[PDB]
Structure formats: structure tokens, C-alpha cells
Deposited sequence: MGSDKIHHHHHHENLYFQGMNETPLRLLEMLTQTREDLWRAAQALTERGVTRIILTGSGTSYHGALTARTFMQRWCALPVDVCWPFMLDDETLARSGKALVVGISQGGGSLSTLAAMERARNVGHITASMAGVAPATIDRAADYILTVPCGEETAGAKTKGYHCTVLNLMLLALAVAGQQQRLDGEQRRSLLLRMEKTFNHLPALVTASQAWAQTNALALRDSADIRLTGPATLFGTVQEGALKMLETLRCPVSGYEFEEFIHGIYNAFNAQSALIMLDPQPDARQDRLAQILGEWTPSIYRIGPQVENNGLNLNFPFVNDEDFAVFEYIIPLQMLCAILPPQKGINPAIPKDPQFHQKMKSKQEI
């Protein structure tokens, strides 16, 4: 299977990114600090947008700045003019979209600093970038690399502003490395689980993914890749939004895949109620019930880096269904 060769290599591609000197990111972090950037704006579509969503919190924290995430069209002339000076970063799994290009140029015209994050070099969006921060993918991993690239930028900014010492830099790299090394085990487990529940998930009309706000980008990306690969409806919701609009988001024909990184009364309760109506409930987490449907796996569960783990079972469904 061609999709496995891509998944099996992702952990190592991620590890390699930990041992590359990123002169490009440091030049960006330097300009950011010195040229009075007041907020970071991440813009793109689909996977790129989901990567930005997934990396937002980590970026806010380490950059010590607001971090906005939106679709390129939300960045019109007026929004860009009202905003304080920002580093607008256009993200793309490819060479960039017309919308993203246009957005970067509008920002650059008003005086904002721009950067490109393409999956290839040269990219079209590089034309509008003051700093090319290309995601290193040489010649599946896309989402993962995009997320780590954004986090590395956050760390570059932290260090340039002298808010990241050796002990912090190391602790972080150790945590990232620990999670990456545990992915292969999760890939194998995910395959077993994905194969065990293939018949049921196919036999559902549509599929709904949900989880805590901390994994919103995860469920969004999961939903997109399943729609894109399996060709049937799949949507990803933040848990409370799903509850609030449950009847527009689910019926007896639907299947639910829920992300349970930690015990949660409210999520357990939803699972209990839907369970009475349908047997198509699949939960993923370290302490979920070990029936045949769930994926009970000892996730590293790093508060910042578990995002690299929880997308894997969802990607596996794309590969085996």
C-alpha cells in the first residue's frame, strides 16, 4: 500500500526536522522583533488552515503575541488597515493559492511583514514573501510537517526575544522527540483498530468526528482527509458545539468517532446517550473502554505535542477503508 510508506516515514521526517538549523526561521523571528510586529496572522485553506489551528496555542505562548488564524478572503484591505503591524504567514501544502497570494500582497502593500510556508520550493506565494519559510519536504506527512514548522517558528521567536534558554530548548526538543518516537507504535495499533472496525464504519451513512477544543484542528483535518479520500460525508466538531447543534449534526444513520485524551464526564455522558441509539460509536484515548470498537492506546499525551498522535488513527482510516 502506497499510503503506508508515507505514514511509516513521517516519524523519521519529523525527527530530522528537529536536527536542522533553520536560518530562515531565525531571520524571520529577528525581523519580527526588530520591525515591531504586534501579532501573528496565519492564513490558508484546508490542511494548511487546520495546521494553523492546531499550532495556534503553542504559537501564542512562545511568541508572546496574539496569533490569528483565518481564510485568505477574511484578510481584506480594511481588516489589514485596522490591524496593528503583523507578520502575515501564507500557508500551503503546495505552491500556494490565488487567494493566499492575493492576501499576502494586500498585507505587504499596507506594510505588514509577510512570510510563505509552502510544501515546495519554489512556490508561487514566495513572490509575495519577505521571508521564505518553506516546509522541508524534499522532492501524507504534509499536515504533521506544517504543524511542526509553525511550532519551530514559535521557538525561533522565543529565543530571539531571549525567552528560551538551554534547559527550556532541550526540555521542548526532548518532549517532541519522545512523541515522534512513539508514533510508529501508534501507527501499528491504529491499523489493527482500523481493520477491526472497517465493515461498521463503511456501513454508516455519514461520519462525525469530535473532541475537546484542544484537538479542534485535529478533528477538522481528520474530517477533511476522510471526505477527500473515502468520498462520503465526514465532519469534525468541537465537542460543545457538536452538543449545542447535535440534531443538525447527527441522526441514527451516523457514526461517531470521539477523541478522549482525558477522562471527561460530559463526553462520557454523550457517548452513553448515543450508545443507547446506535452501536456506531468509536472512542480514542488512553483510558477509553477496551471494547472492540474503541482505540485504547497509551498515548504519550503531551499537552502540546499529542496533536501529532491523535491525527494518526484518523489518517489510518483514510488508508484502510
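- Judged by missing C-alpha atoms, the gaps in the deposited chain sequence fall at residues 1-13, 153-158, 341-366, listed in sequence order.
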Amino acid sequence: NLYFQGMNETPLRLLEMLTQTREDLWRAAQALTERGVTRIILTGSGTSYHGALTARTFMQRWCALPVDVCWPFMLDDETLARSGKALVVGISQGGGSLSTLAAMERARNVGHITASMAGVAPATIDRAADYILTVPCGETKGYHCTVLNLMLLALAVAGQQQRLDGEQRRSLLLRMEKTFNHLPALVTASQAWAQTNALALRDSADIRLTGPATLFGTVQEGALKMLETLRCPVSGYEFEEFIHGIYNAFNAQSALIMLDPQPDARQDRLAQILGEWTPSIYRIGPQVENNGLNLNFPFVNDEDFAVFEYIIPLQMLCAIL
From here on, numbers count along this sequence of modelled residues.
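- Mean C-alpha B-factor is higher over 197-205 than over the other stretch, the pair under comparison being 197-205 and 166-174.
- Between the stretches 225-233 and 74-82, it is 225-233 that shows the larger average CA temperature factor.
- In the PDB entry, residue 238 places in the middle third of its chain by CA B-factor.
- Per the PDB record, residue ranking by Cα B-factor puts residue 161 in the highest third of the chain.
- For residue 279, the recorded CA B-factor ranks within the lowest third of the chain. Only modelled residues enter the ranking.
- Among the modelled residues of the chain, residue 30 sits in the highest third by CA temperature factor in this PDB entry.
- Split the chain's modelled residues into thirds by C-alpha temperature factor. Residue 247 is in the highest one.
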